Amino acid sequence: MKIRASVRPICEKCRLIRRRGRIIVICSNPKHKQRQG
Amino acid sequence: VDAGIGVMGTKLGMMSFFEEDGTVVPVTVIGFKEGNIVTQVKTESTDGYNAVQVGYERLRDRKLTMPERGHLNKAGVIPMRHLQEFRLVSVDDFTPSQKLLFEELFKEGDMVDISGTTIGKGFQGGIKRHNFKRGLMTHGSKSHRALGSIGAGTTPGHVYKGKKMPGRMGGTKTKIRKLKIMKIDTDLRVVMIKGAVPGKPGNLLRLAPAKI
Amino acid sequence: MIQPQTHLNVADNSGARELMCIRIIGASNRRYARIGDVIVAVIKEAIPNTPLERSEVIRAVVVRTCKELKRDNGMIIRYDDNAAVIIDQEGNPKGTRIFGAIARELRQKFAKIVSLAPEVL
Amino acid sequence: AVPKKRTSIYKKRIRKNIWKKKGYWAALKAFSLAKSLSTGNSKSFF
Amino acid sequence: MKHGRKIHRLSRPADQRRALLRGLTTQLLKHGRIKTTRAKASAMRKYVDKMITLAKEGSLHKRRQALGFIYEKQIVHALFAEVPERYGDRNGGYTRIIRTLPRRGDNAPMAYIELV
Amino acid sequence: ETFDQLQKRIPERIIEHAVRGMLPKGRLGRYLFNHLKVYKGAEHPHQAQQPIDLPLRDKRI
RNA sequence: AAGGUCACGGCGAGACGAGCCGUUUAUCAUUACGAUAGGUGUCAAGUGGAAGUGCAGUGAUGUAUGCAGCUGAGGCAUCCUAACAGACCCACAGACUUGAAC
RNA sequence: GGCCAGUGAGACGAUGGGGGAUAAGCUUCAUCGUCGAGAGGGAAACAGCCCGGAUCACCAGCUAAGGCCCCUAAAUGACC
RNA sequence: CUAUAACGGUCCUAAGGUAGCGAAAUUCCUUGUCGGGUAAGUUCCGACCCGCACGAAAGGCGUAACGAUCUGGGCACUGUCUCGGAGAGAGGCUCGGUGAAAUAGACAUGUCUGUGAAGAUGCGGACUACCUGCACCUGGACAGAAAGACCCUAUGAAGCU
RNA sequence: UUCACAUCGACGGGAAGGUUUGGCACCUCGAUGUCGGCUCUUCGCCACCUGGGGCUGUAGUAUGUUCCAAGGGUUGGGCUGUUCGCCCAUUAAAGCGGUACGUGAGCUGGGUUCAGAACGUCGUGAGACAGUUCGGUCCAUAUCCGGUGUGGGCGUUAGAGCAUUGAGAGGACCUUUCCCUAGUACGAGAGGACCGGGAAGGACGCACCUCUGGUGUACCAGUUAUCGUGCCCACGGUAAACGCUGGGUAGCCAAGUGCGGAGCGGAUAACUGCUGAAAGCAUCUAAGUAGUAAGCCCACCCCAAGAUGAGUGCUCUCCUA
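What the PDB entry is called, per its title line, is "Structure of the 50S large subunit of chloroplast ribosome from spinach". For chain C, the Subcellular location comment in UniProt is given as "Plastid, Chloroplast". Per UniProt, chain C carries the Sequence similarities text "Belongs to the universal ribosomal protein uL14 family."

Under the PDB entry, chain B has the name protein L3 and belongs to Spinacia oleracea. What the UniProt record of chain B gives under Subcellular location is the line "Plastid, Chloroplast". Entered under Sequence similarities in the UniProt record, the comment concerning chain B runs "Belongs to the universal ribosomal protein uL3 family."

Following this line, the structure appears as structure tokens:
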């Protein structure tokens, strides 16, 4: 996990998904798996 | 909800059973003044739950009032003092007409729970009710054995309810759990049970199988 | 019952005479050390021809005690002194000849203390 | 320990009448003992 | 708590209680009928039953323990010459605890001891 | 304690908690609190005064 | 009236109230109840050899009677004593209204 | 002008600023409003915010501020 | 070699601290650094001298004996303690007699939370509580005392220099 | 080693909290008693450990960081009045704070350093130091609220004796090594698992006195001084509330003895998902739905219909004029 509350989608496959109210960021690399603000 | 009917018996001192392996176990000795006759069953039809109502201590008729002895003679049984039910799930086959149930049902079931009136100790302090600590016995101290602080400062303005004060310690019933059975006596009407029942020899004692 | 300020005599010839035991290991009660519990001893006095001097923290084993010892056989064993064996964490002591008798339940964890003992009761 | 204020006529007549009602309860016992002290075979009061 | 402590202690300390027992059972054996309080009455009942049955078997050892317990000299020797002739076949129960009116000044429950 | 926990556990405390804050909670709303008769079953045990159904004026339910 | 309360004899219950157990021709007989407390008689149990006498010793003392003597808060038996005499509270179909069948 | 008093500790709110850290229900000034010395209504309660200035009576009506589901008076009002 | 100053010059005074002592009843930094004691020692003892701010009759440095003096350590000893427990008295509890006191606006005298002279049983909302005793405990009533000894004001009082 | 975002993050910026030092002087000086310790709470999460997970420059052990989660725990000591802090032995870990020092109408030391004295320094001096040292009275019968126990009255629509359902509330739901799996996965070796079981502990709690004891002024036994029982013997009194000792039954107690902490029970927080659309690709979700936390609830032990919503069941009694 990364609670980076405001970082952009940073890898070239960082899809941006709002699930259950919260905004998360997924990518192929598990580094970029973030839950945003 | 209990997992089965139990009995009730009286405590008759403690001793030590010598197992033939060589161990020495401290057992309590249970007697039975009169058989635990099922007096009144309460099923799902005529009552909101299902329970089997047994009793104990056959007595003289002068010892027992008119509603009590009328209730016991409604079942056609002997007049007896003690009277308790066990709530049991609706698969029961128990007639309230003089089921003098024998005590064989606990030996293979080597786990039993017991309930009883513990011995009362009267109005005892906080040093033995709730296992507090005493103050300094010396070094100029004055709060020996006392209760200490009671609450917080100005912002509560009161003391919290359920705060540990002195009060009457013993007298209520307790249940100690999963107590492994031992050598019954089919002629001495006596059951060995390895443990320590609540109370001195003489009191009533619920003896009902486990609820694990 | 071995408090963390007791004096225990030695039960071996490791090089000490008695010890101030400090703060037992294993059983986390630490205000009641029964048999078989290792203790973080410090040397109160010793034999001055051995590499065990004064003020030396060591680990030892409580092998005798003035407090009773409940056995399942019905017996209760108790001594008149307190004794420890200057021990290492790999079983055996660094002192060979064990002085005084011990019990036999500590054979299930400390077999070298029993095998080097004069009497096992 | 020192009382902050005083009590009413209300609470005082309550407590004093509980005290005197506690005196009422210990004379029907004395009426029973005075009635058993009368003519009858009782093994007491020599 | 007092579970099973069957000594009956009075409002007096231990040795003073012993002297109250010995003196009041002594003058109880002197006059026969006596006015006590009820705690003093039962406390006389146990010990004076012990002193009637003590010199029931009139040996020297019983007479010397009995003379050791009772204060007055000439009342022990008036006792074993009286208790087998009177209190034979009674087999216990040598007194009676006839109660009376309470005492003016204390409301003390006041009792009255016989020899029957 | 949430709404589904009472509605699974004791449902007739739901409405009984809704209307108790609707009545004037003094000595008189406490008297007309007992006028409420909520039952979880499909049938009520009352045959008191032949209870006529309640008239509604609420177009949004 | 049923049932309680006082009194009574107490408790493994208890500050006081509470609570609990008794409150007597207190079994009679073929087999669980009608011994509450004290005393008594015995049995566990504690300390541990009592007094008196004899014997040995100059005497301190030891020894036999004699696990004797006292203790008996515990168990059982026993009605010998006290549970006698009483008193008091609560009574007299349980307001009014609907529905069902009888 | 004559006789004759108090008062000379102010407080908050808007604007104009200084001190502060453009921090304080902070401090000091300048104009104004209220309280002080002001009741009532709205603000859940609550000196200074809004309406408003209480001679008294009425089991009279119309309104300002503000509100119209229930507690608690009036719309479970209409249309976007 | 790194140092440190035997030694030197200069300014100002009346003179620039002698012996001995020295992180001391004196050392702020500081729990200075080292050694001893202790498992571990801001306390203790022995030293170095960087003495904020020792020092020679406001005496300095020592020491036998002495001290209800201060302080550091050790042996024996124990409920001081781990960790409490039992028993005996005088109270406490009950009954009968006698019988006050401080205090007190009237008290029909809840909890949370919020507001308010910014810490509310008394105002607001909610929740909780049948009435009334007895025995203990003292968190609140900004509890009782007693016109705050501390702080400031008085064109106050007094002692002393 | 490459690589801003495994982990730190310079130069800067934006917040929350009211736990430090501060600023204001708004309540209180006809009195709101500071700092530390003992006793005893309760609460927050900004998490030290325990439970679940993500990422890792995570091979495994152990981690680093972070999410959910405050149920429970958070040692014994040497120094100091100490808070803090240093050190020793450890432990799963030895958390930080609020409650006016949380708590002196519950209790004791340094201090608002009170009155005596001494050292340094300042002052001509009296005296003084946010310098040091020695000594230095701390009160109290609870009126009310609050609490813990325990009644009495009345009510519960006739009056009772029992028997229980349980709304609501309490307590308990804690934790560590060791062994099998297995020296197996993994690793060149060295090391050494997850998961699922067992066993021994620790604290806590409920009991009990069968054993081991402490006490035991019911007791019995030894002995000193003395006075009485006429005297010897033998006893009794006193040497506070045992003369001093030696043991002890029944009580009470633990250090002793038993037992407890159970749940393929329900729903969830973080997360992993299964189909799966708004953008014919996708995505844990927008429809539905699955695993799963020491957390919530239920089950567990006790009280419990004053639960005025006052319950349910059985049984007794209301007669005479």
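Let us keep going from here.
Enquirer: Kindly report on the protein's contact with RNA strand I, identifying the contributing residues and their values.
Expert: The immediate surroundings of RNA strand I are formed by 53 residues, with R145 of chain B, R31 and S55 of chain C together with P3 and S8 of chain D found nearest. Backbone atoms, meaning sugar and phosphate, form 75% of the atoms of RNA strand I found within 4 Å of the protein. Separating a sugar or linking oxygen of RNA strand I from a side-chain N or O atom of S8 of chain D is a distance of 2.5 Å. A distance of 3.2 Å separates a sugar or linking oxygen of RNA strand I from a polar atom in the side chain of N107 of chain E. Within the residue set of the surface near RNA strand I, elements represented by two or more residues are β2 (16-22) and β3 (38-46) of chain C together with α1 (9-24) of chain D. Here the element with the most residues in the surface near RNA strand I is α1 of chain D; it accounts for 5 residues.

Enquirer: Can you lay out the protein's contact with RNA strand H for me, pointing to particular residues and giving the numbers?
Expert: Residues and elements named next belong to chain F. In the neighbourhood of RNA strand H, the contacting residues comprise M22, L23, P24, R57, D58 and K59. When atoms of RNA strand H within 4 Å of the protein are split into backbone and base, the sugar-phosphate part holds 79%. One nitrogen or oxygen atom from the main chain of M22 is found 2.5 Å from a sugar or linking oxygen belonging to RNA strand H. Of the residues belonging to the surface near RNA strand H, the class tally is 3 nonpolar, no polar and 3 charged.

Enquirer: Provide a residue-level description of unusual backbone geometry, including the pertinent values.
Expert: The bulk of non-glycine residues show a negative phi, and the bulk of peptide bonds are trans. Residues and elements named next belong to chain B. The backbone of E57 shows a phi angle near 60°, a positive value even though the residue is not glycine. Even without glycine at this site, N131 takes up a positive phi of about 60°. Along the polypeptide, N131 turns up in the loop between α2 (126-129) and β9 (167-168). Residue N131 is classed as exposed on the basis of its relative accessible area of 67%.

Enquirer: With reference to specific residues and values, describe the sheet that holds strand β5 (residues 83-87) of chain C.
Expert: A barrel is described by the order of its strands in space; here 5 strands give the closed sequence β1-β2-β3-β4-β5 (chain C), paired in mixed fashion. Going from strand to strand, the sheet's axes swing by 55° on average, the running direction of each strand aside.

Enquirer: Can you break down the sheet that holds strand β1 (residues 34-37) of chain E residue by residue, with the values?
Expert: Residues and elements named next belong to chain E. Sheet architecture is open: 3 strands sit in the order β1-β3-β2, paired in antiparallel fashion. Only two strands of the sheet have a single neighbouring strand rather than two, namely β1 and β2 (97-99). Put simply, the sheet's adjacent strands are angled 40° from each other on average, direction ignored. Bridge count for β1 against strand β3 (residues 110-113) is 4 bridges, and the pairing is antiparallel. Residue pairing across strands places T36 opposite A111, the latter belonging to β3.

Enquirer: Outline the state of the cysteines, supporting the account with residue identities and numerical values.
Expert: As used here, a disulfide is simply a covalent bond connecting the sulfur atoms of two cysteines. The full count for this structure, using the stated rule, is 1 disulfide over all chains. With its sulfur 2.0 Å from that of its partner, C11 of chain A forms a disulfide with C27 of chain A. Across the S-S bond linking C11 of chain A and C27 of chain A, the dihedral sits near 120°, which makes this disulfide right-handed. With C11 of chain A in the segment before β1 (15-19) and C27 of chain A in the loop between β2 (22-26) and β3 (34-35), this residue pair connects regions lying 16 residues apart in the sequence. Here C66 of chain C stays free of any disulfide, with the sulfur of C21 of chain C as its closest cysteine sulfur at 12 Å.

Enquirer: An account of the pattern of salt bridges is needed here, citing residue identities and associated values.
Expert: Tallied over the full model, the rule gives 10 salt bridges over all chains. Between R71 of chain C and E105 of chain C there is a salt bridge, with its nearest N and O atoms 3.4 Å apart. Of the two residues, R71 of chain C sits in the loop between β4 (57-64) and β5 while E105 of chain C sits in the loop between β5 and α1 (111-115), which places them 34 residues apart along the sequence. Exposure remark for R71 of chain C: the relative accessible area of 18% places this residue in the buried category. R33 of chain E is the salt-bridge partner of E114 of chain E, the closest N and O atoms lying 2.4 Å from each other. Taken as a pair, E114 of chain E in the segment after β3 and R33 of chain E in the loop between α1 (14-31) and β1 lie far apart in primary sequence, 81 residues in all. Among the charged side chains, a salt-bridge network with shared partners connects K33, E57 and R81 of chain B.

Enquirer: Describe in detail the arrangement of the chains, supporting the description with residues and values.
Expert: If you rank the 3 pairs of chains in contact by how many contacts each has, first place goes to chains D and E. Contact between chain B and chain F is absent, and the minimum C-alpha spacing across the pair is 16 Å.

Enquirer: Could you give an account of a nonpolar patch on the surface, with specific residues and numbers?
Expert: Residues and elements named next belong to chain D. There is a patch of nonpolar side chains on the surface, built from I9, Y10, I14 and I18 and spanning about 480 Å² of accessible area. Mapped onto the secondary structure, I18 falls in helix α1. For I18, a relative accessible area of 53% puts it in the exposed group.

Analysis parameters
- Residues numbered from 1 in each chain as written, not as in the entry; some residues may be left out.
- Chains lettered and ligands numbered in written order.
- Part of a larger assembly, values for the part shown.
- Heavy atoms only, no water.
- UniProt positions renumbered as here; feature names shortened; annotations may be inferred.
- Near = heavy atom within 4 Å.
- Polar contact = N/O pair within 3.5 Å; in protein donor to acceptor, adjacent residues only side chain to side chain.
- Helix = DSSP H or I, 4+ residues; strand = E, 2+ residues; numbered from the N terminus.
- Nonpolar A, V, L, I, M, F, W, Y, C, P; charged D, E, K, R; others polar.
- Buried < 20%, exposed > 50% of the residue type's maximum accessible area, 1.4 Å probe, protein only.
- Pairing = 2+ DSSP bridges.
- Axes fitted to C-alpha atoms, helices over the stretch in contact; angles between N-to-C directions.
- Disulfide = S-S within 2.5 Å.
- Salt bridge = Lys/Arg side-chain N within 4 Å of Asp/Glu carboxyl O.
- Contact = heavy atoms within 4.5 Å.
- Patch = residues over 30% accessible without salt bridge, like charges linked within 9 Å, V, L, I, M, F, W, Y side chains within 5 Å.
- Areas by Shrake-Rupley, 256 points an atom, 1.4 Å probe, with all protein chains shown as cover.

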